[PDB]
Amino acid sequence: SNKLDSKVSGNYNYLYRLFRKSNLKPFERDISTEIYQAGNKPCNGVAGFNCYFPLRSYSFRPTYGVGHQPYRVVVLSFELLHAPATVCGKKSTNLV
Amino acid sequence: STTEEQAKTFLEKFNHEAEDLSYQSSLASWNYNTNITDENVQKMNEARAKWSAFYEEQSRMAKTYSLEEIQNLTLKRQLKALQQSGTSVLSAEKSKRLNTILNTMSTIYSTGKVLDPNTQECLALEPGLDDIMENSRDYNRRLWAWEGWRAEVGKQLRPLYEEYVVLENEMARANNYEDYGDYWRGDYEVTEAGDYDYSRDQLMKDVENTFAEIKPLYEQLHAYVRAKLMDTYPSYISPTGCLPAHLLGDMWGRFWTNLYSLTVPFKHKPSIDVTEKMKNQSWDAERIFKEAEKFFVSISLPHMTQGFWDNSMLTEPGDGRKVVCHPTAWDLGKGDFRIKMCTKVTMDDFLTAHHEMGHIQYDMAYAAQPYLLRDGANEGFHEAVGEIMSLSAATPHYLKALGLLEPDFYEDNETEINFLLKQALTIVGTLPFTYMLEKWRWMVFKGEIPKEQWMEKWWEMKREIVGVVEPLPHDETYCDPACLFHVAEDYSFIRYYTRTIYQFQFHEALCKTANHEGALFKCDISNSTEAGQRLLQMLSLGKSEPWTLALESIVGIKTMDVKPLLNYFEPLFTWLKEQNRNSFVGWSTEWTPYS
Ligand SMILES: *[C@@H]1O[C@H](CO)[C@@H](O[C@@H]2O[C@H](CO)[C@@H](O[C@@H]3O[C@H](CO)[C@@H](O)[C@H](O)[C@@H]3O)[C@H](O)[C@H]2NC(C)=O)[C@H](O)[C@H]1NC(C)=O
Ligand SMILES: *[C@@H]1O[C@H](CO)[C@@H](O[C@@H]2O[C@H](CO)[C@@H](O)[C@H](O)[C@H]2NC(C)=O)[C@H](O)[C@H]1NC(C)=O
Ligand SMILES: *[C@@H]1O[C@H](CO)[C@@H](O)[C@H](O)[C@H]1NC(C)=O
Ligand SMILES: *[C@@H]1O[C@H](CO)[C@@H](O)[C@H](O)[C@H]1NC(C)=O
Ligand SMILES: *[C@@H]1O[C@H](CO)[C@@H](O)[C@H](O)[C@H]1NC(C)=O
Ligand SMILES: [Zn+2]
């Protein structure tokens with residue numbers, strides 16, 4: 001989706017995490033607004049040593065490489081439970 | 001607890017912004033050269049200025065650490081590169097005195113001044129300073145151009161030479177380093193690698209044999225030129241001494257083809273020029289780039305053509321705006337292919353176009369490496385890989401495969417030796433020139449040579465190996481030595497001298513590993529896949545490891561060897577021996593026309 005999701009000056013809206021405490025449990029979200037820390041010495045507002053902001057911008061541009069263009073992803077997961085199968089895909093031929 | 005997480009966190013954060021700024025800073029220069037306007041200067045110069053100020057902030061804390069508590073040898077190499085001080089510890093006050101020397105020196109050297117005695121007649125802008133020295137076959141005209149281009153250009157550079165050296169001695173003690181000489185030799189340093197390390201002491205012995213073993217061939221080349229020009233110019237040539245400096249053609253002396261018609265190796269056979277027929281066939285200019293590309297696919301990589309053929313121009317300025325088309329092919333960033341060149345249909349430019357885009361093939365493979373280690377193993381590898389195949393694909397035998405050569409071509413061996421000779425002499429032309437310059441500089445920083453010997457020592461080393469003497473002695477007010485290439489322009493030559501030996505090494509490595517048989521000087525790599533698989537072994541290794549490891553994989557040698565060089569020109573060496581079976585191969589440096 002490079003031809004529509006890329007901006008010539010830059011698309012800084014898209015943002016991805018880079019640093020966090022530990023590994024994520026599957027199907028979990030991390031929207032917590034907290035600045036990473038090493039050693040707990042630096043406090044919030046002053047980040048000069050070991051404190052960074054883990055959310056960095058993708059910065060999509062039309063002039064990037066094939067691997068550096070934005071590629072939208074849609075993931076489907078199927079669940080079967082103790083429910084009467086309420087979602088299904090049925091061809092019917094003409095009657096004689 | 002573990003301090004490694006501080007090191008890991010810094011490494012990723014620095015790279016992410018730097019490469020983004022690396023792309024942005026680069027496009028300002030690339031756009032400026034494709035589009036020269038004053039509003040582009042503001043974008044170009046500010047982006048350079050803003051990047052350095054942010055870079056220092058990151059680099060200051062980057063070298064605040066060192067190679068401690070990093071058990072990872074690869075990460076230790078990455079940290080070792082970033083921890084270079086350079087001018088980070090240099091004080092601002094001493095910096096300014098240096099800027100005065102640098103900015104003035106470049107501008108004043110371009111404006112060559114040559115006095116025209118006797119006033120001639122009413123004169124226009126023409127002729128030009130560059131043109132007059134290249135076409136002058138008259139003895140007075142050549143010397144008149146040369147004397148002005150030495151005497152009247154060296155005078156302006158004398159005040160700037162000594163001040164630059166004085167600061168070189170001073171800044172060393174404030175930068176925690178003994179002298180500048182170690183810095184240039186430490187470029188190839190390998191540290192903390194058991195049974196595999198490389199040392200600066202080793203190059204001194206290896207370079208000794210290269211010049212000594214090549215010298216017999218150079219002596220024949222020096223004698224070859226003099227013996228042939230003795231018949232045409234006996235009056236201006238000393239049979240029992242050196243040769244006048246005016247006969248080199250120009251200041252550089254790298255080009256001996258100006259008087260080629262007077263020193264044709266074989267005039268009995270007419271000129272080999274069969275490309276005229278192809279000129280009127282009206283082939284497109286962009287096919288030349290494809291010709292290299294289809295050569296590259298032979299080694300079983302996929303093709304590259306979508307999204308990297310629009311950002312370029314060919315054969316056309318495109319508007320009333322002027323574009324400089326100097327050969328400058330850098331991937332701007334993040335896989336952005338770009339090449340600026342005035343692509344024209346020419347046999348010489350045919351290999352040049354192979355060289356230009358072949359540079360990209362190097363860059364594309366190693367573009368996956370992190371920011372601090374994303375370049376080639378050594379300086380001279382880059383241009384080497386482009387040149388070896390360009391010469392191979394520019395051979396007339398390969399013209400038969402592509403059908404460019406005439407169908408009725410008969411096997412000729414006279415033509416082959418002539419091409420190799422001009423190919424040989426251009427390379428070996430300036431090896432002794434840079435040899436004396438590189439070696440003389442090192443003992444200068446040591447401090448056993450005072451200021452007074454900047455005139456005789458520069459000339460003494462040149463005469464020992466090169467053999468160039470000015471016809472008229474020049475006193476100390478006159479400034480001949482100031483025209484050295486590292487003060488006049490301050491461009492590093494280290495990419496050139498060690499490249500040639502690497503070029504023979506890369507040329508020999510490909511052929512012997514590809515089961516190649518026959519002539520050493522002609523090698524065929526088209527329609528093969530083994531070479532490229534081994535090629536990609538370091539074509540994508542990068543600098544995550546010292547270059548020593550890659551040297552042992554391709555061939556199996558961790559040192560530089562000169563013995564194969566003699567086999568390369570075995571047919572050529574025979575002809576040189578045959579013609580000079582009577583004369584003495586050598587010259588007397590101590591004899592002078594004055595005394
Ligand atoms: C690399 O090898 C391939 C495969 O041999 C070459 O492709 C083929 O090259 C030949 C020689 O120019 C082309 O001409 C053919 O010659 C044969 C020999 O008599 C003839 O029987 C055919 O009718 C034809 O004229 C041929 O068209 C070409 N393509 C194929 C599919 O065979 C290729 O040229 C080689 N490239 C290099 C750089 O060596
Ligand atoms: C070369 O660069 C100049 C900028 O200095 C371009 O001029 C601008 O072009 C853009 C888009 O064409 C306009 O929006 C601006 O108004 C122009 N002026 C300025 C001062 O920015 C110029 O067009 C470029 N050359 C080419 C061939 O496009
Ligand atoms: C060293 O770092 C590299 C990262 O390129 C990694 O692949 C390797 O596993 C590391 N080795 C050790 C011993 O930490
Ligand atoms: C190109 O020139 C050659 C020789 O100069 C000659 O065959 C003819 O003039 C041209 N060839 C064409 C038009 O096919
Ligand atoms: C020169 O090359 C020709 C090419 O056919 C061949 O006779 C031989 O390889 C060489 N002849 C010599 C070296 O006498
Ligand atoms: Zn190049």
# chains A, B, ... in the order shown; residues from 1 in each chain; ligands from 1
>>> interface_residues(of="chain A", to="chain B", cutoff="10 Å", atoms="only C-alpha atoms", output="list in words")
residues 18, 19, 36, 37, 38, 39, 48, 49, 50, 51, 52, 53, 54, 56, 57, 58, 59, 63, 64, 65, 66, 67 and 68 of chain A
>>> residues_near_ligand(ligand="ligand 3", cutoff="7 Å", atoms="only C-alpha atoms and all ligand atoms", output="ChimeraX atom specification")
/B:71-75
>>> write_last_selection(atoms="C-alpha atoms", output="PDB file, in the first residue's frame")
ATOM      1  CA  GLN B  71      31.739 -10.321  25.882  1.00  0.00           C
ATOM      2  CA  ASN B  72      30.375  -9.993  22.334  1.00  0.00           C
ATOM      3  CA  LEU B  73      33.350  -9.553  20.008  1.00  0.00           C
ATOM      4  CA  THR B  74      31.130  -8.292  17.172  1.00  0.00           C
ATOM      5  CA  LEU B  75      29.454  -5.662  19.364  1.00  0.00           C
TER       6      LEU B  75
END
>>> select_by_dssp(residues="stretch 40-71 of chain A", states="strand (DSSP E or B)", output="VMD selection string")
chain A and resid 55 to 57 60
>>> closest_residue(among="B:220, B:263, B:34, B:589", to="residue B:233", atoms="only C-alpha atoms")
B:263
>>> residues_around(residues="stretch 141-143 of chain B", least_positions_apart="2", cutoff="9 Å", atoms="only C-alpha atoms", output="PyMOL selection string")
chain B and resi 132-139+145-148+245-247+249-250
>>> atom_distance(atom1="atom 26 (C, counted along the ligand's line) of ligand 1", atom2="atom CA of residue B:402")
10.3 Å
>>> atom_distance(atom1="atom CA of residue B:478", atom2="atom CA of residue B:180")
28.2 Å
>>> decode(residues="stretch 18-154 of chain B", atoms="C-alpha atoms", output="mmCIF file, in the first residue's frame")
data_model
loop_
_atom_site.group_PDB
_atom_site.id
_atom_site.type_symbol
_atom_site.label_atom_id
_atom_site.label_comp_id
_atom_site.auth_asym_id
_atom_site.auth_seq_id
_atom_site.Cartn_x
_atom_site.Cartn_y
_atom_site.Cartn_z
ATOM 1 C CA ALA B 18 21.352 8.595 12.329
ATOM 2 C CA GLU B 19 20.332 6.627 9.230
ATOM 3 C CA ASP B 20 17.212 8.796 8.887
ATOM 4 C CA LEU B 21 19.444 11.867 9.077
ATOM 5 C CA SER B 22 21.979 10.114 6.833
ATOM 6 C CA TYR B 23 19.312 9.857 4.124
ATOM 7 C CA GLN B 24 18.155 13.447 4.694
ATOM 8 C CA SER B 25 21.649 14.967 4.757
ATOM 9 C CA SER B 26 22.579 13.070 1.583
ATOM 10 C CA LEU B 27 19.588 14.165 -0.516
ATOM 11 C CA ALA B 28 20.468 17.808 0.109
ATOM 12 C CA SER B 29 23.815 17.307 -1.643
ATOM 13 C CA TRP B 30 22.412 15.033 -4.364
ATOM 14 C CA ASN B 31 19.549 17.409 -5.163
ATOM 15 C CA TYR B 32 21.910 20.394 -5.152
ATOM 16 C CA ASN B 33 24.167 18.897 -7.829
ATOM 17 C CA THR B 34 21.165 17.896 -9.962
ATOM 18 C CA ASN B 35 19.601 21.319 -9.361
ATOM 19 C CA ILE B 36 21.967 24.200 -8.571
ATOM 20 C CA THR B 37 20.056 27.137 -7.083
ATOM 21 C CA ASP B 38 20.761 29.441 -4.084
ATOM 22 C CA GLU B 39 17.635 28.122 -2.219
ATOM 23 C CA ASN B 40 19.141 24.640 -2.525
ATOM 24 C CA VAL B 41 22.361 25.902 -0.915
ATOM 25 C CA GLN B 42 20.339 26.825 2.179
ATOM 26 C CA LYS B 43 18.870 23.311 2.365
ATOM 27 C CA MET B 44 22.207 21.669 1.579
ATOM 28 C CA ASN B 45 24.419 23.604 4.003
ATOM 29 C CA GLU B 46 21.979 23.710 6.923
ATOM 30 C CA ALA B 47 21.386 19.941 6.788
ATOM 31 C CA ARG B 48 25.147 19.408 6.942
ATOM 32 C CA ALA B 49 25.416 21.908 9.803
ATOM 33 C CA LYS B 50 22.468 20.616 11.849
ATOM 34 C CA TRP B 51 23.493 16.949 11.528
ATOM 35 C CA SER B 52 26.972 17.407 13.023
ATOM 36 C CA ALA B 53 25.673 19.230 16.106
ATOM 37 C CA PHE B 54 23.224 16.416 16.860
ATOM 38 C CA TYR B 55 25.860 13.812 15.938
ATOM 39 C CA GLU B 56 28.331 15.146 18.519
ATOM 40 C CA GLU B 57 25.700 14.969 21.267
ATOM 41 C CA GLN B 58 25.188 11.273 20.496
ATOM 42 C CA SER B 59 28.880 10.558 19.856
ATOM 43 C CA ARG B 60 29.967 12.255 23.095
ATOM 44 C CA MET B 61 27.914 9.837 25.160
ATOM 45 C CA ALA B 62 28.734 7.061 22.687
ATOM 46 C CA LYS B 63 32.433 7.159 23.585
ATOM 47 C CA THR B 64 31.628 7.850 27.249
ATOM 48 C CA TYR B 65 31.703 4.036 27.391
ATOM 49 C CA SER B 66 34.459 1.715 26.153
ATOM 50 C CA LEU B 67 35.099 -1.956 25.397
ATOM 51 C CA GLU B 68 34.239 -3.042 28.948
ATOM 52 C CA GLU B 69 31.841 -5.801 30.034
ATOM 53 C CA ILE B 70 31.065 -6.622 26.388
ATOM 54 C CA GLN B 71 31.739 -10.321 25.882
ATOM 55 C CA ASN B 72 30.375 -9.993 22.334
ATOM 56 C CA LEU B 73 33.350 -9.553 20.008
ATOM 57 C CA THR B 74 31.130 -8.292 17.172
ATOM 58 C CA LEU B 75 29.454 -5.662 19.364
ATOM 59 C CA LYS B 76 32.917 -4.809 20.698
ATOM 60 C CA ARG B 77 34.074 -4.065 17.141
ATOM 61 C CA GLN B 78 31.009 -1.876 16.587
ATOM 62 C CA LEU B 79 31.724 0.054 19.787
ATOM 63 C CA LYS B 80 35.439 0.313 18.956
ATOM 64 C CA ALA B 81 34.677 2.192 15.730
ATOM 65 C CA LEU B 82 32.396 4.783 17.363
ATOM 66 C CA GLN B 83 34.824 5.504 20.226
ATOM 67 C CA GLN B 84 37.300 7.371 17.995
ATOM 68 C CA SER B 85 38.030 10.835 19.358
ATOM 69 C CA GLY B 86 39.304 12.814 16.374
ATOM 70 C CA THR B 87 38.303 16.441 16.961
ATOM 71 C CA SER B 88 35.846 15.657 19.792
ATOM 72 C CA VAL B 89 38.482 16.560 22.403
ATOM 73 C CA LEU B 90 40.044 19.279 20.228
ATOM 74 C CA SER B 91 39.570 22.725 21.737
ATOM 75 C CA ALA B 92 37.629 25.359 19.826
ATOM 76 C CA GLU B 93 40.414 27.964 19.863
ATOM 77 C CA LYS B 94 42.962 25.828 17.983
ATOM 78 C CA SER B 95 40.298 24.707 15.499
ATOM 79 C CA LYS B 96 39.822 28.216 14.101
ATOM 80 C CA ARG B 97 43.475 28.717 13.108
ATOM 81 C CA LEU B 98 43.192 25.558 10.994
ATOM 82 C CA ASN B 99 40.089 26.766 9.124
ATOM 83 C CA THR B 100 42.019 29.742 7.758
ATOM 84 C CA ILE B 101 44.607 27.464 6.116
ATOM 85 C CA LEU B 102 42.054 25.083 4.590
ATOM 86 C CA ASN B 103 39.540 27.477 2.996
ATOM 87 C CA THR B 104 42.167 29.707 1.371
ATOM 88 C CA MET B 105 44.382 26.889 0.086
ATOM 89 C CA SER B 106 41.850 25.173 -2.192
ATOM 90 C CA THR B 107 40.641 28.379 -3.865
ATOM 91 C CA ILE B 108 44.112 29.771 -4.656
ATOM 92 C CA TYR B 109 45.386 26.617 -6.326
ATOM 93 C CA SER B 110 42.678 26.459 -9.006
ATOM 94 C CA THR B 111 43.559 29.899 -10.427
ATOM 95 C CA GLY B 112 46.768 29.055 -12.247
ATOM 96 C CA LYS B 113 48.826 32.128 -13.193
ATOM 97 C CA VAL B 114 51.460 32.118 -15.950
ATOM 98 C CA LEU B 115 53.216 35.304 -17.028
ATOM 99 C CA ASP B 116 53.178 35.851 -20.788
ATOM 100 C CA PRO B 117 56.391 37.744 -21.610
ATOM 101 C CA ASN B 118 56.823 40.276 -24.431
ATOM 102 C CA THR B 119 53.038 40.920 -24.263
ATOM 103 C CA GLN B 120 52.424 38.922 -27.519
ATOM 104 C CA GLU B 121 49.566 40.790 -29.289
ATOM 105 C CA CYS B 122 45.974 41.784 -28.509
ATOM 106 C CA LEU B 123 44.684 38.797 -26.555
ATOM 107 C CA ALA B 124 41.237 37.427 -25.708
ATOM 108 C CA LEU B 125 40.307 35.109 -22.831
ATOM 109 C CA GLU B 126 41.809 32.203 -24.815
ATOM 110 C CA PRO B 127 43.952 30.147 -24.646
ATOM 111 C CA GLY B 128 43.280 28.510 -21.280
ATOM 112 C CA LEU B 129 45.744 27.533 -18.569
ATOM 113 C CA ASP B 130 44.821 23.830 -18.639
ATOM 114 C CA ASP B 131 44.779 23.555 -22.439
ATOM 115 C CA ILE B 132 48.112 25.250 -23.153
ATOM 116 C CA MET B 133 50.264 22.736 -21.260
ATOM 117 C CA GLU B 134 48.645 19.678 -22.872
ATOM 118 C CA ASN B 135 48.986 20.529 -26.588
ATOM 119 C CA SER B 136 52.337 22.358 -26.582
ATOM 120 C CA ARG B 137 54.841 20.361 -28.616
ATOM 121 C CA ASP B 138 57.220 23.314 -28.856
ATOM 122 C CA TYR B 139 60.089 23.264 -26.368
ATOM 123 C CA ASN B 140 59.641 26.891 -25.291
ATOM 124 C CA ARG B 141 55.856 26.652 -25.014
ATOM 125 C CA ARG B 142 55.966 23.517 -22.862
ATOM 126 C CA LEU B 143 58.577 25.020 -20.520
ATOM 127 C CA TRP B 144 56.824 28.409 -20.475
ATOM 128 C CA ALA B 145 53.611 26.712 -19.356
ATOM 129 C CA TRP B 146 55.488 24.461 -16.921
ATOM 130 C CA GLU B 147 57.642 27.190 -15.337
ATOM 131 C CA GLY B 148 54.596 29.320 -14.558
ATOM 132 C CA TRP B 149 52.610 26.324 -13.321
ATOM 133 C CA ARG B 150 55.405 25.477 -10.892
ATOM 134 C CA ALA B 151 57.034 28.740 -9.830
ATOM 135 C CA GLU B 152 54.043 31.101 -9.873
ATOM 136 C CA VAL B 153 51.628 28.644 -8.226
ATOM 137 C CA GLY B 154 53.932 27.295 -5.511
#
